[PDB]
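Following: one structure in structure tokens, then a few remarks.
None of the figures in this text is laboratory data; all of them are computed from the coordinates on show. FYI the Cβ positions are ideal-geometry reconstructions off the backbone, even for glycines, and counts take in every protein chain you see.
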């Protein structure tokens, strides 16, 4: 199977379901490519899989795609750990990939059925950009018949904030669009700031939309709670020391306009993943446990 | 004149010399109104002046106009105390106002001469939006044959950061325009921060464009100095307690779009005024001495 | 003539090595020298006297900009001439903006009373010292400075407490304070710099001297003072600075970066190392810059003050025109 066919497969999988996460589509593409490969050697599988990983990363420079590819390759190694034969290995690959795909499909609802308990009635919600996870947890909170105010920033590079405002008005929720430079002026009226995560670094810091870091710093200044929601597959074995240390393959192609910022774990109150509610140390624990 | 030559004359003074601040134009218009007063009473003179204050505040409601009006009111009261007869005190009002205009017309040059020393060679300055005082200070620094870089935010509500970037690159200075949301990303490269001010509150905080506070807060997180350049006439006896305490006639009218916010004095390192280089606590003293 | 050669000897002593070690001696000598300058040199108007004083002070400051007692004493004298001329012939603020040949004896008596009041600054500081030390306190100092040693060794006449002194490496002169103060029965301790933070949790308050206090409230002190102030701020322990009034100088931190004073690297690294001394660059500054945010209080011969008020003392000591000198 050729790289081009992989590219249209990925793009079609994206377009058919706009609600699907990018990493989910990437994992599905990798699983389909593994399904039709006709390889014989596990090493041949690894080389082709990683090459397709860089191909998709070139297609989409998101951190989620690279994290999903790394998780996929570690899954390949885990499956091949205790299968000397290759055919049994391949069948287990397919079945465990089906289970993995269905679980990551249910992961968003799993996060929603747990995160909504923190939304105090009458509180104020602050969000940065168009994140599907925060929209789902707000839907869950509304389903529980709770009332709350929502402020959303505009995310200057691409105005996803207005799109989220439209999607929230579609659910009859009081929402207000505010400028990206007014976060501090709004930070006094907030009660808790929930935000999605593009990716999660080793110690619990978050790779996310460029405006996240200043909002986190301002919230820490006012000692307001700061909650971040992300899925399991967004974990990654990266570790920047500051904003500069972030690899350039994630900053751009997505004077100077980086699309990505890094937030330190010291400014994060809690994380909401399908595993549960986690301290920032739990992410590092999971990454350590996964890699022996 | 009566309510029609006021606004037209003020706009003419602003437009004929667009490189001259609103407060100076307002003070000059008040002096012109005093010249053509054609009335003989000190109480009536001050009543007409204080009415002119808000008929000018109807347009360009920035805090500088109100500060200049309050200064003019205090000046005319001070003069009255000194003398006794409206007849004789009129000419002395006129001459004192002429001398006041002459003294305040050199504020930019005095501030530039005082503040050019604070820029290092190879430094990296950070700026929020357009402010002629900052431009003059950087021109003075260039005249001192210095080498540095300048990062400027774009000031999303009205893209004046691009305007000042153009005016600065006209001077052959390496500049870089960044998003309002990228401040937290960018300042780690910045060596220090210099901003203007549209008004100085009692304690020492500033009253500036919407994004300024964020920078200041982030600056306190990064342990970087934060310098504010502003003239003497930008002082006012207003003390906001928080962001919502500043009067709403300044926030709006140049789904929730304010235009001006407040920065606490604790985040300010030094004030660079035509009165000298002051600590944030100094201003109150001066403003106390005006009313004792 | 004779005054000129005395001035040259003073300048040479400053350039080579400070004879009179105490800063108070520097202030007294500078004021006396200005006294003979005023009495001897001839002048008709005050302007020529002021410019002559400017020239002489420029020469003395250029002899050694590291210490500024001479400079701000000269500035105080210049303000004295300005005040006397204004009095015998006739402050920047918003109020000013909105509103608008026998002085030699007066100058001499002003300098004389300035010397008289300068004599007792240490005694006044000692007199007010007792109100900031309570029983069984824990005090930490740095380096050597006679003001704080007099402070503590007189305030212990009626109180009992513990004192920790950190040696100011490489010039381990904190040992001198330790010995002198233990010769008064204070139960002192001798410590290295590297342990400051290690013990900083168990200290109630920290009292230090200084070499020069800038206009913004930031000061220049011995090396390692900035680390001690940072540790104090981290543990939120109050920081007291004992400085007489003449150690207040009106310059600002960013001035040509001729702020520190670099001495021979022999103290830090002995010459006996040998070959490795070529590829290795060694720096031995003797002064550190403490920002005003880490300072809690200022104790002077006039009383207690806050750093945020320091600017006002600048207006009462130095005219704005004489900052450049």
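Using Cβ contacts closer than 10 Å as the measure, can you line up A:29, C:296 from fewest to most?
Arranged by neighbour count, lowest to highest, A:29, C:296 become C:296, A:29.
Starting from the Cα of residue B:255, move 7 Å in the Cα-to-Cβ direction to define the label point; list residues of the range A:182-218 whose amide nitrogen is under 20 Å from there.
A:182-196
In nm, what does the list of distances from residue A:17 to its counterparts in the other copies look like, shortest first, when each label sits 7 Å along Cα to Cβ?
Copy-to-copy label distances for residue A:17: 6.7 nm.
If each DSSP helix of 4+ residues adds -39,500 (n - 2.57) and the sum is divided by the residues in chain C, what number results at 222 nm, nearest 500 deg cm²/dmol?
Dividing the helical sum by the residues of chain C leaves -14000 deg cm²/dmol.
Stick to the Cα atoms of the range C:50-153, pair each with every other, and give me the Kirkwood hydrodynamic radius in Å at one decimal. Before the final figure, lay out the partial values.
Numbers: mean 1/r = 0.0565 Å⁻¹.
Over the range C:50-153, the inverse of the mean reciprocal pair distance is 17.7 Å.
Counting other beta carbons within 10 Å of each residue's own, what order do C:277, B:192 fall into, fewest first? Could the numbers behind the result be given before it?
Working: C:277 14, B:192 20.
Ascending Cβ contact count within 10 Å gives the list C:277, B:192.
Sort C:213-222, C:285-294 by the packing proxy (mean of other Cβ within 10 Å over each peptide's residues), most packed first. Let's see the in-between values first.
Values: C:213-222: 24.4, C:285-294: 18.4.
Those peptides, ordered most packed to least, come out C:213-222, C:285-294.
Rounded, prolate or oblate: which fits the protein assembly as shown when a ≥ b ≥ c are the square roots of the eigenvalues of the alpha-carbon gyration tensor, with rounded for a/c under 1.5 and prolate only if a/b beats b/c? Please list the in-between numbers first.
Numbers: a/c = 2.46, a/b = 1.47, b/c = 1.67.
Oblate, since a/c reaches 1.5 and b/c is not below a/b.
Determine the calculated [θ] at 222 nm for chain A from helices alone, applying -39500 (n - 2.57) to every DSSP H run no shorter than 4 residues and normalising by the residue count; nearest 500 deg cm²/dmol.
Taken over chain A, the calculation gives -16000 deg cm²/dmol.
At a 10 Å Cβ-Cβ cut-off, how would you order C:242, C:172, B:115, fewest neighbours first?
Details: C:242 28, C:172 17, B:115 23.
Going from least to most buried by this count: C:172, B:115, C:242.
How many nanometers, to one decimal and shortest first, lie between the label point of residue B:54 and those of its other copies, if labels sit 7 Å from Cα toward Cβ?
Result for residue B:54, in nm, nearest copy first: 7.1.
Quick one: if the Förster radius is 25 Å, what FRET efficiency do residue A:146 and residue A:275 give, using the C-beta to C-beta distance and rounding to 0.05?
For residue A:146 and residue A:275, the calculated efficiency is 0.55.
Counting only other chains, and only Cβ atoms inside 10 Å, what mean value do you get across the residues of B:234-246?
Values: counts 0, 1, 0, 0, 0, 0, 0, 0, 3, 7, 3, 1, 1.
If you average over the peptide's residues, the count of other-chain Cβ atoms is 1.
Would you mind computing, in nm to one decimal, how far apart the modelled labels at residue B:3 and residue C:113 are, each placed 7 Å from Cα along Cα→Cβ?
Placing both labels 7 Å along Cα→Cβ, they lie 6.1 nm apart.
Could you tell me what percent of the DSSP beta bridges with both partners in the protein assembly as shown are antiparallel, to the nearest 5?
Antiparallel: roughly 35 percent of the beta bridges in the protein assembly as shown.
Extending each Cα 7 Å along its Cβ direction at residue C:194 and residue C:91, get the distance between those two points in nm, one decimal.
For residue C:194 paired with residue C:91, the spin-label model returns 5.8 nm.
What's the FRET efficiency of residue C:280 with residue C:175 using the Cβ-Cβ distance as r and R₀ = 35 Å, to the nearest 0.05? Provide the component values of the computation, followed by the final result.
Values: r = 28 Å, r/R0 = 0.80.
It comes out at approximately 0.80.
Using a label position 7 Å from Cα in the Cα→Cβ direction, what is the ascending list of nm distances from residue A:87 to the same site in the other copies?
12.3
For residue C:39 and residue C:59, FRET efficiency with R0 = 22 Å and r from the beta-carbon atoms, rounded to 0.05?
E(calc), rounded to 0.05, equals 0.70.
Roughly how many nanometres apart are two label points built 7 Å out from the Cα toward the Cβ at residue C:272 and residue B:85?
Placing both labels 7 Å beyond Cα along the Cβ direction yields 9.2 nm.
For residue C:236 and residue C:102 in one chain, what is 0.36 nm times their gap in residues minus the Cα-Cα distance, to one decimal in nm? The partial results should precede the final answer.
Numbers: separation 134, 0.36 × 134 = 48.24 nm, distance 5.47 nm.
The span from residue C:236 to residue C:102 would gain 42.8 nm if fully extended.
Pairs of alpha-carbon atoms within less than 8 angstrom and 6+ residues apart define the contacts here; what relative contact order does the range A:41-140 have, in percent? If you can, show how the numbers build up before the last one.
On the way: 34 pairs, mean separation 21.8, N = 100.
Reported as a whole number, the value is 22 percent.
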